[PDB]
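In the block that follows, a single chain appears as structure tokens, in the form deposited in one PDB entry.
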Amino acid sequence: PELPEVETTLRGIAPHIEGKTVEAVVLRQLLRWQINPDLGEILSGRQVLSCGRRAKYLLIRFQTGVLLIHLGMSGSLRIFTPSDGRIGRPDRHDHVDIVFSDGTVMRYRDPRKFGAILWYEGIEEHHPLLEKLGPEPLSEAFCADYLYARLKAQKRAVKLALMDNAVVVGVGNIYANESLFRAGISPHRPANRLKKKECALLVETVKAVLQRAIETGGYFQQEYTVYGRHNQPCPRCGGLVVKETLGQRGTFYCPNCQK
């Protein structure tokens, strides 16, 4: 999932687990990194006081420590209310249940197991995976002035820089492809060759694209302008969308509307 889906996941679990208290934790497997056995002993009786998100990580907080959950490329987190009989029917990819004092179940699912469930004891801001991340794309800190300045010593394709978590978090393959198209910029443009006006447009397109996706999250449908539309018509010029490989990632764009 990318940042819209993680933010929508966050907004879905929080009203369902925050005030509540953990009673058991089921571990049908133990991902990219190993899970901690006796996580149930760790969390039993501990109230949730907050959930949160940083980059594509979810954060479940207690007074004793922080649970970090990453969905990777195919992970899901879902709530089952006590009356929901799907509690009794987990599939082979439903690796973890987090069961609350009231019967509510939070279920983590992840077929390829690229996600992570990690338990951490110290200061949130110092976690090794969160410490060196760049700014939030929907924060004031991700501005045209920062971006133009961060990009001056980078010769690399701007798509690489825009997908770099040290430059800005959360802009994955889909929304980097869509923002670069909507801003009119080739993904192959050297990052330091974006003009200041172009970095201001790319910034506001990222913010707009990501925000609309957070709210959105037989008949003709088309979510995307270029992503996953190899060899189909560009919605602006009608020309064919090309797909290339840039930084090991599928890169879709129109060479006519993007320079």
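In this text, residue numbers run from 1 along the sequence as written.
Self-check item: Absent coordinates between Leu30 and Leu31 - deposited residues affected, binned into four classes
Solution: Count of unmodelled residues in between: 1 to 3.
Quiz item: From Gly217 to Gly218, how many deposited residues does the entry skip: none, 1 to 3, 4 to 9, or 10 or more?
Solution: Going from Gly217 to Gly218, the model skips 10 or more residues of the deposited sequence.
Quiz item: Which wins on mean Cα temperature factor, 34-42 or 53-61?
Solution: Higher mean C-alpha B-factor in the PDB entry: 34-42.
Self-check item: Between 117-125 and 143-151 (mean CA B-factor, as deposited), the higher
Solution: Comparing 117-125 with 143-151, the higher average CA B-factor belongs to 117-125.
Quiz item: Which is it among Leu201, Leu67, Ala191, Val226: the one with the largest CA B-factor in the entry?
Solution: Top of the list by C-alpha B-factor: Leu67.
Self-check item: Residue with highest C-alpha B-factor in the PDB entry, from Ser179, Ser83, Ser74, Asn165
Solution: The listed residue with the largest C-alpha B-factor is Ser83.
Exercise. Grab the CA temperature factor for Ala14 from the record and place it in the lowest, middle or highest third of its chain.
Key: Middle third.
Self-check item: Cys237 CA temperature factor, ranked by third within the chain
Solution: CA B-factor rank for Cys237: lowest third.
Quiz item: Going by the entry, which third of its chain does the Cα temperature factor of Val158 land in?
Solution: Bottom third by C-alpha B-factor.
Practice problem: Looking at the entry's B-factor column for C-alpha atoms only, identify whether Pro135 ranks in the lowest, middle or highest third of its chain. | Solution: According to the entry, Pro135 has a C-alpha B-factor in the chain's lowest third.
Quiz item: Looking at the C-alpha B-factor of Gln47, is it in the lowest, middle or highest third of its chain?
Solution: For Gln47, whose C-alpha B-factor we compare with every modelled residue in the chain, the answer is the highest third.
What comes next is about the form deposited in another entry, which does not appear here.
Quiz item: Among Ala200, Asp91, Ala24, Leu133, which is positioned at a hinge, defined as the point where C-alphas switch from fitting one rigid part better to fitting the other better between this form and the one not shown?
Solution: Between the two rigid parts, the hinge is at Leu133.
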